[PDB]
Amino acid sequence: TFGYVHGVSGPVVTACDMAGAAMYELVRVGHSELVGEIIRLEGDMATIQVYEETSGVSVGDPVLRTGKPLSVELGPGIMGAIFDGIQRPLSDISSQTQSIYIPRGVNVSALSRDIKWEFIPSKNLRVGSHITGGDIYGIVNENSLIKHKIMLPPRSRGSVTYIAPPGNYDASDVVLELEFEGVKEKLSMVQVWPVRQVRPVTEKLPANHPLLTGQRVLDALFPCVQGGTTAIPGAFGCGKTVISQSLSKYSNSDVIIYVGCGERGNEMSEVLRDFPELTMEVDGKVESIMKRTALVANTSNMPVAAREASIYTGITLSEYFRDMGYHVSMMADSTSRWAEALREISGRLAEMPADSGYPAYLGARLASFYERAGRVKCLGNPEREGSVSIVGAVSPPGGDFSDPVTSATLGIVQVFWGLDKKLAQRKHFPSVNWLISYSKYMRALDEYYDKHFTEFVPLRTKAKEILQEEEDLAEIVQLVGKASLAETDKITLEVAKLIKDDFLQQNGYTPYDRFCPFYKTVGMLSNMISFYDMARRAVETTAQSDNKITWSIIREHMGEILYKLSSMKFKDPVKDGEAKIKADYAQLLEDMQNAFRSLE
Amino acid sequence: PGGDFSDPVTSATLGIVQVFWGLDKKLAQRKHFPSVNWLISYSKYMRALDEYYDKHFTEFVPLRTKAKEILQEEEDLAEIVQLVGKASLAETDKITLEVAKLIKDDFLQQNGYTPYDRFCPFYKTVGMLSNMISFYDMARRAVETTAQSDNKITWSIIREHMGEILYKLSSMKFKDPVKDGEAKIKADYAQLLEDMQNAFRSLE
Amino acid sequence: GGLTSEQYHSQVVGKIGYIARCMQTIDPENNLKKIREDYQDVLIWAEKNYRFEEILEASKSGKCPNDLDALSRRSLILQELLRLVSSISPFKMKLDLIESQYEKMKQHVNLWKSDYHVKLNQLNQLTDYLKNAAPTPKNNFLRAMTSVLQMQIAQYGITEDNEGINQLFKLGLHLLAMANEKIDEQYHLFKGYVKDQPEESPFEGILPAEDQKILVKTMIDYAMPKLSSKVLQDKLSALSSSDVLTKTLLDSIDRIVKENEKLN
Amino acid sequence: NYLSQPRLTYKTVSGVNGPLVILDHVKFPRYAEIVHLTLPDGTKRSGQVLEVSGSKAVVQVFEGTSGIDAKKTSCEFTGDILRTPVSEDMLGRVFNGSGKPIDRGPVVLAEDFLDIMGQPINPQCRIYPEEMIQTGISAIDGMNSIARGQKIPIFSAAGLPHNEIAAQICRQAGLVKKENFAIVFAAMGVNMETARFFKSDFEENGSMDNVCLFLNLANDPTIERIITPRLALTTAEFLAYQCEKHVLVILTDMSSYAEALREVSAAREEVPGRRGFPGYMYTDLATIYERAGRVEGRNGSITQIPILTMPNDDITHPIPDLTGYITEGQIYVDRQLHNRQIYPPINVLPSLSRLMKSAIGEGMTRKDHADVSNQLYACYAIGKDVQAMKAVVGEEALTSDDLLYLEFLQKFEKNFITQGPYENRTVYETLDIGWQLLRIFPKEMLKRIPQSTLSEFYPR
Amino acid sequence: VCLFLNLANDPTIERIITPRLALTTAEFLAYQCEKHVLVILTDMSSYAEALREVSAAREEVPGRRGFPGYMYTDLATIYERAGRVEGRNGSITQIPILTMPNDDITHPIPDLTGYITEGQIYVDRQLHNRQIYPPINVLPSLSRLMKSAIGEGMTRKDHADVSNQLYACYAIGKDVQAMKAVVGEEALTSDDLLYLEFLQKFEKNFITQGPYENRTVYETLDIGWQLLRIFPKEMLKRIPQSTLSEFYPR
Amino acid sequence: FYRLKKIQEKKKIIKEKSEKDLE
Amino acid sequence: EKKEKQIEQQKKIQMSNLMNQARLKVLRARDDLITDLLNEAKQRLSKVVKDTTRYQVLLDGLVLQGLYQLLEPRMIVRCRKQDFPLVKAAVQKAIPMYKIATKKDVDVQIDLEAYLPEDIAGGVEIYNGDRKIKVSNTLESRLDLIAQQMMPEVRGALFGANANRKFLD
Amino acid sequence: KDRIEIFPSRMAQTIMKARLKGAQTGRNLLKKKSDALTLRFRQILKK
């Protein structure tokens, strides 16, 4: 059952009578039961890197091996929970101890027992029925938003020998029993899964459907697919909270997981204060987002292993909800803090440095983490697709993206939303830099846009071209002044200003811009680019004429259209239905057509 | 090893020593002596020593501060003159650079191997710096006192009409405490204060 | 990447056993003969009382059908039929419609991309909410509309572009999304439904008489407070003798309200 | 309850190696057990078990191993880890880095024996920082105001007066007065004259009753310098989270602590990490710095101001680099201002209090503060840019607006930043100086201040 | 075609054997079955990262950037399994592919690969950001075996000369572009403006090509002369007078 | 780092050899 | 104007000089009081060891506590010369209780050649057979070990609970 | 050509950072000179 401590040196504890141990198995060391991971075996002895502070551990103290590597207790009771990176429940540690601290060597179970949840067994099952890994043997109605699909562990299979009737159960009541090769498994609602092992699936599907954030720049110019991998430069001035809160208040995702990889203590507590108070509309009710998120929060002084395991816990939770057929999203508030934790582990393991002091495996640890994103056919029989979208923020020192964790992340992630302090200093919320930013997902989402938004492919192209042309034209404006540009270039710059001021900016602090649906977004852009095409047409059509058209003529004779175009952002989906917003936008199209027809 | 104080032994020393006299290759190479860099160097004892100076040398603390102010302005002025040439400098800045050359070459500079400089007693040292900074205050005042007037004093006018005074100021280092009594050196330096004041009265 | 052989064959015997449990639920009576024939190859392995180990080694031996890309498609068609028939539970759809919807799904390229799946997910969103939601005007209006939607689906299926079924999806989902405090807007949406639908009695015999009375009483009770005169409130109160929700009741109530708007 | 069992004393020293005494035949040693050594001449020494293996215990002795003797040395094992003899009576008092008193007062009558290492404050029980601490220094309070519960370093360099700034903060620091404040002044690696300055300046200049002062000297044994922040923070946690105080913890030079990590790492024979510091230096600095913040259900809080001598004047160095990742901002002390004789030489431009926007404003200070600080930053930044332009164009080419910004820079350095070491300025007196400077501009030039704030505060 | 796939989440040590399995299969196909095999090795960077991981875990001696001191030998065990052999009709061509870390041509992965493989094709953000597909920057590129694979029986007799003059004009174009960014187009000569017009026409016509557009070598050399003809005949200092007399006016 | 890591390994090997020689 | 603003600082300075004397005098008084309680406790222990009944019960505990900490195969006991008869009986009662709880053999001897200093307030020192390891289980040692750990409870009783302690965490 | 080739040391790292501050300062001052001359030149052209 347990070995004995033989030696100690900082976090490293050598233990004896460990003959039955396994590499990377998880152990409770000392009478205080400090958590530690076996980093080496040397016969009847193990070397355990204790995560927590080892001060006071004694030779001959017990060393209880848990039969498992670092693992997440999955089940009902996740939603709204806050955990540290090794999956300890921070709300329960506080409420059970009545202390402000996390005690050294907490034993508290991560999904609280003695809470009873309403379980419904899946009504088709019977004694003698065949069942396979990922089959849903019931549902737990824990929240109005999220119904937890209880399912067979991925490695389990067999013939059902018992199923619990509809009723109230805690996570350790036996809900299902089944037999295979003459051996019975008794299943709890809690399911334990190794945190560094990918949860398997029937198929890793191509990602094709957009993760609407409700943000014009993001949802139009740099879409992230559901199942997509993306990064944000998480820094002071950038406004990283805007995407985080917008995803929370509106996103096309069913469950959201956050990971704090070792945030600053106050910044972590700002996030943990805010999210209980955030709300979203559901079936015409307004409800707290804590009904559909879980927070894997660590401060910079949590054990190194909690910071390094933080992403692996967050993704293992996210894969668990993905296997229920929920379209999960998740964020890591800085993968650089996770890479500092990984660097420290590596320094304590005494491994060779690679680039900038980071371990050799940093690139493969990042790439194997981001590869756990995607859309999938889940395991088991109910033919359910799910996904995990991963929003891993990066914190390049001084903004230098060549930094190994940032550079490797940007080498892997298919979308970069380049938030920029210069835009935030101009109050250009959401502060996304459209020159630095990119998305690789266009080629997939073009199927969705061709089916549902067939005008958008031209519009997206024209918008990016107008913005790129304005960046070149601004150098000519500096060289020879705005008045020296050609009429085509002047109207391009004026429309680019309209896009920058009243499309790419979005006042998320106010009801009309709190979210911006795709039907609103495409409609606004359809009008701005229709104005561009007709204005530039009138200019080029009247080239070499006596009565030449120019931006000043347009502003004088039909400046009401520019005023209306800037006004279109103020339409509110909560007041006026999308059909009414689209009809008003169609009236602005007719108004500008009649105005251009009045000139040429 | 490199002459750089970033080395682990200088770095561990600087975390402990309260006084540091950073001898600089740029000064040593131009044969400016004793080559102690006045921007890098420090002494944290000034707080404790002000109770001595405000009892034995009651004029010195204002002079010590204005000396470092001049030498720091000269580090800015020298950099801009290298980057864009001296023609843009205001007359106050020309005077600041001129007195900074007087301090840098005829106070701060000292020769280790000549009877003028084998030891410079503090009464000589304060008397020198008092005269140079009295020239700085009076010269800068003379310009600012005649800015916007029908005729304006300039560094070029000062360089002419104060020429004997500038030569006397640069010569103060040659007073010899072996052959000249401290009272004689102090009396000559008092005469230089009167000579400066009367020479500026010919301009103002 | 992918699955271990034990996992792969386990998933095969899973989908075989599940197709059988679905087949026993869609058709307890052998009525869906042409559907049941299209699964006879998998169904034998579950209608016979085989041990899990026996069917697993039969899958390794290739005697059981064992391509998961085939079984997922075949299972998805049956489950999307079973989700249809279960999501309309108060109205048992006709057997020819069941085999017709099955054939249309069998002919479609990919059901998750199909508008069939979009319509069916909206039906489930309304239905699953209504299994739990408490008594209130919004939930009474949604119960009524969803019962009509389930009735119409049991007469035309999902693949038919019936304009009634389309309007019930649009209006039901919009009323579900409409904020709970918006009582006059919920009333206006439900008033709009009964006024705009072709039937003079859209709900008559569709749902319980107690629920029809609740809908009538609800529509009357949000009209009565608008009347400034007690004599007109009594004229309106006399309509409470009704129980079936009808266009004629709404028009009578609307005219009594308009008579007060004239009488000010 | 407590250790009832008698202490073992071992003569079984099997070796000595640098600062380590290697006991053998030890019965069940603890890692980090404190031990009391007796030399052959009877001199008492202290040490802590640095490593254990079966019967062996590698004691790191505090004082140097001079005089240790394998045949005649004896080592008394305490059975326990290091505990602070903590109490509220540690305010008004001066301790050396071991926690032994040096103010000629008695030993501390402990209210508890808290473990020096503490435990992590639970992320769920932290609460966001929301009210200012006045430091008394205008270059901090009016430009970089410190939210109570913030971590904010004073980045400095060898030769700069950061110790005088830290002592001035300790004398002047307090709540805003729109009672229960205290300072813990943990001083590490302090040369003997700077220790006399801290001890004597706090005694004489009117402060002791609010402060607990720890003095680890430059030549005090290095592991006592490692203990000193843990010892001080254990006191600050007692005062803040049990005595409900608002504590300010000042750490006087984290670079001399970082040098002590490097030495204690080499004592364990760990391989040197990034630029010779331990790989885990980030976790150790977090273990110091994160013993800070407000907490839910308690009025008390710990602010921290880690002073930090940047090696080689370079903020890229691992000591300031890792500090900047953990602390909410920085304050920069600048050799340029110091050589200009501007005291305190705090450069308000590269300084940033990350939480100032939640320290100040209506009901926390005066409601103008956020606007005044943003506009003072703009007028100083523009004035520096104009001094760099005056170098190029010559004074006659400057516009009237440029001449205002250049006069603002002269007056801002001479009145706002310049303060002197015994002048204490409230936030209100600092904002009044802020206005009497901004009042140099035409009202329309104050573009970063709203017209409402101008109509209330621009009229003199 | 045969595919060996090691995905990003598959165990990193398999990367070491993955290109060896591919080459072992290619040796069977190309020497036992005498096929012309083309071997494509994708992200040799991820192979080299697996070498760095193993050495860091074994504590083997590091070369540059912590890669194994023997990395050149290990890459040679992969890359030298290419080429024709005596009495076999078959052949193993290889096109390794690698992401250069931080764009650094001097990085050990591209450096050791550059010392083993015969020539390197380079692709560049300085072309891709300007939408120039395929983004092949010729200037740092070179094919060591090209000198033999061109001229009579293989390609037109001009090819060896035309290639070297395209390099001269493209390179001088980059050099006068670097001058223009300091001194402006007023300091450039009329010939320097022609090297800038060459650079523009070269990237637009010679490099840019559709993903399904196929160009013969002969069509490519015709486009080569349609660009080289921008300069007067006497400017073409890499080409022989006989080659100019046969091909410059055509 | 590599040199110092090999030195620390060689010292560990010397300790292991000494522990065997004490048998 | 600056000197006028400093009048509040001068009052705080002059009052702080007085309060620094006051605080350290009060704290020195607290320590003298507790030190005298420990002096009286050391006297009371020197009284307890005069009653052979309680002192035998102490020695029966002190010897067995020594042995149970110092689990060596052989022990040597040092005691005051006059205590020897009680100590011999304590060792003879302790050996069975040692063997029974540790489940191993032992030998225990009393040091007839080198007694403890006769002025100690009683109890024992125990050594292993090599004389290289010892345990200082004298009544004086117990008092200084216990009294120091009891200081929070001693303070809380003798000088009252600190009214600022709103929490115990 | 591409680099100054001062030999890698903590000294040379500091010297290069000092040169970067010198060069960035020199750029900013000479850019200010160019801006002032450009403004006067545009004023002269209008005149």
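Protein chains in written order, with the authors' numbering: chain A, 17 to 616; chain C, 413 to 616; chain G, 11 to 274; chain Y, 38 to 215, 225 to 506; chain L, 257 to 506; chain B, 199 to 221; chain U, 58 to 226; chain X, 4 to 50. Note that the Cβ used here is the ideal one computed from N, Cα and C, for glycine as well.
Among the options, nearest to residue i - alpha-carbon criterion
i      : options                        : result
Y/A228 : Y/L483, Y/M410, Y/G211         : Y/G211
A/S350 : A/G174, A/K163, A/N314, A/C240 : A/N314
A/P527 : A/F586, A/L520, A/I569         : A/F586
A/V156 : A/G149, A/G144, A/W133         : A/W133
Y/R412 : Y/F132, Y/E201, Y/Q171, Y/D330 : Y/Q171
Y/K436 : C/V473, C/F469, C/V421, C/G497 : C/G497
G/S211 : G/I36, G/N150, G/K25, G/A154   : G/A154
Inter-residue Cα distance where the pair is residue i and residue j
i      : j     : result
B/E214 : Y/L74 : 29 angstroms
A/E616 : X/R45 : 37 angstroms
Per DSSP, the bridge partner or partners of residue i
i      : result
A/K301 : A/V298
A/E283 : Paired residues: none, contrary to the question.
A/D529 : DSSP output for A/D529 lists no bridge partner at all.
C-beta contact flag for residue i and residue j at 8 angstroms
i      : j      : result
U/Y155 : U/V163 : yes
L/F503 : L/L483 : no
Y/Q97  : Y/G84  : yes
A/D339 : A/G244 : no
L/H384 : L/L477 : no
G/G182 : G/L159 : yes
G/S20  : G/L66  : yes
Y/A233 : Y/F244 : yes
Is it a yes or a no for the stretch 526–544 of chain A touching the stretch 569–585 of chain A, going by three-plus beta-carbon pairs under 8 angstroms? yes
When you compare the stretch 461–475 of chain Y with the stretch 434–453 of chain Y, are there three or more beta-carbon pairs, one atom per stretch, that lie closer than 8 angstroms? no
Would you check if there are 3 or more beta carbon pairs closer than 8 angstroms linking the stretch 403–411 of chain A to the stretch 358–367 of chain A? no
With contact counted as at least three CB pairs below 8 angstroms, one residue from each stretch, are the stretch 328–336 of chain A and the stretch 283–296 of chain A in contact? These segments do not touch.
Quick test of the definition: if touching needs 3 or more C-beta pairs under 8 angstroms, does the stretch 355–369 of chain Y touch the stretch 179–187 of chain Y? no
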